[PDB]
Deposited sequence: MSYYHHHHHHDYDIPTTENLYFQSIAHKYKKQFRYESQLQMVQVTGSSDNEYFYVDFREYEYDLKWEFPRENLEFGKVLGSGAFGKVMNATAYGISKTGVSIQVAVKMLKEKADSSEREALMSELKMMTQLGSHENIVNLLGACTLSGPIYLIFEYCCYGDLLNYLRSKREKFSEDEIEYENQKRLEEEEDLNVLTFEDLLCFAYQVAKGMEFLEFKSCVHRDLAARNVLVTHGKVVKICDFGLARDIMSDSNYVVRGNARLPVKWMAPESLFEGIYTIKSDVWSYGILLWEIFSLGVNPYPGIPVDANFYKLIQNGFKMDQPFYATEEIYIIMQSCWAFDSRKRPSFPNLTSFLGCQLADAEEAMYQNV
């Protein structure tokens, strides 16, 4: 039956073809105890989001960043059933995130509570929420004012975050604006929000046996062969660029997810230039949607092309 899995995954390449890799599993690796934080020092707030397996909650953490100082954090946890398989899925995400290291454009792990109670993973709080809702909130406030350089900066930062994950040998299997968070200074951060989401919350995911597939964000090789590489993420990134430069419009607007959608993608269908994009930004998008993954740009390339335009 269906299990919890972070959409952030470490991988190891075993050859030079796209399907020659496997997924790194931390279940047999040991958890580093220097990350352990006392549960007594967490004061819980609202539910940020709730899924089938668990939820993410706002909280106040005493002494996590500096001595004597309370800050706001976000806490992943399981729901009370506490099935032991789901427990280890969440330990594996913990161990994985402890090995990543931090980066400005990733929602970083701060600590965890694992010994005297139910498992908590503790993350940086991002006050303005997911990028998708943020962009949508600012449709009637675009020149609280949102400008074109802000949009370009968001694009640059997400690419920067993905460069980090590439260099650390990770992929994100669900890169989209709903999984990017916004915080002070127009700063954006890639996260894995999957534990806080359901099938009721989202029609952008298609049920298919065990899988829950974000079809309109997926590269052809992901859709047709089940392959997720960093070049798949470049496709997804293109789709996320379209989201940014339309202020959060659903991709392939008005087109439903069905067998005809699979055919569109197979035959080379690509979205049009959205309102807030320049022609140069649309040329970037279009090359992210190269059918052949070798023709797509890399995240170092995109970090340059968008370092320039700023």
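Residues 1-31, 175-192, 360-370 of the deposited sequence have no C-alpha coordinates in the structure.
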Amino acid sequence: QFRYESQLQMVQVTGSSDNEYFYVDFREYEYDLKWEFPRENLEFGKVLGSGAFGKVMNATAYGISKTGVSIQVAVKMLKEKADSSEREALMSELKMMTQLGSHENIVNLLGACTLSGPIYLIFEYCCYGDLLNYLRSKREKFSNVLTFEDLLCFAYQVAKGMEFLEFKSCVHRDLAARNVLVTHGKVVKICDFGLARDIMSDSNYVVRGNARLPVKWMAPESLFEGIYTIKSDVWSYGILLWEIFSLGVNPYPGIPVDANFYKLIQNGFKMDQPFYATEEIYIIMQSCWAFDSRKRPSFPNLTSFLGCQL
From here on, numbers count along this sequence of modelled residues.
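We call the rigid core whatever largest set of C-alpha positions still superposes within 1.5 Å between the two forms.
Displacement analysis by core superposition in 4 other deposited structures of this protein ranks 210-218 above the other of 99-107 and 210-218 in root-mean-square C-alpha distance from the shown form. Note on 120-128 and 201-209: with rigid core alignment, C-alpha atoms in 4 other deposited structures of this protein sit farther from this form for 201-209. Modelled in this chain, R39 is likewise built in all the other compared entries whose models extend past it on both sides, so a third of them omitting it does not occur.
Notably, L146 is never a gap: all other compared entries of this protein, restricted to those modelling both its neighbours, have coordinates for it, so the one-third criterion is not met.
80-88 and 132-140 differ in mean CA B-factor, and the higher of the two is recorded for 80-88. Annotation for 60-68 versus 242-250: the higher mean temperature factor (C-alpha) is found in 60-68. Within the listed group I190, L195, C113, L165, the record reports its top CA B-factor for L195.
Per the deposited coordinates, the residue with the largest Cα temperature factor out of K216, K95, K186, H172 is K186.
Ranked by Cα temperature factor within the chain, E149 sits in the highest third according to the deposited record. For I199, the recorded CA B-factor ranks within the highest third of the chain. Only modelled residues enter the ranking. Among the modelled residues of its chain, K46 has a C-alpha B-factor that falls in the highest third according to the deposited record. Compared with the other modelled residues of the chain, the Cα B-factor recorded for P220 ranks in the lowest third. Ranked by C-alpha B-factor against the other modelled residues of its chain, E28 falls in the lowest third.
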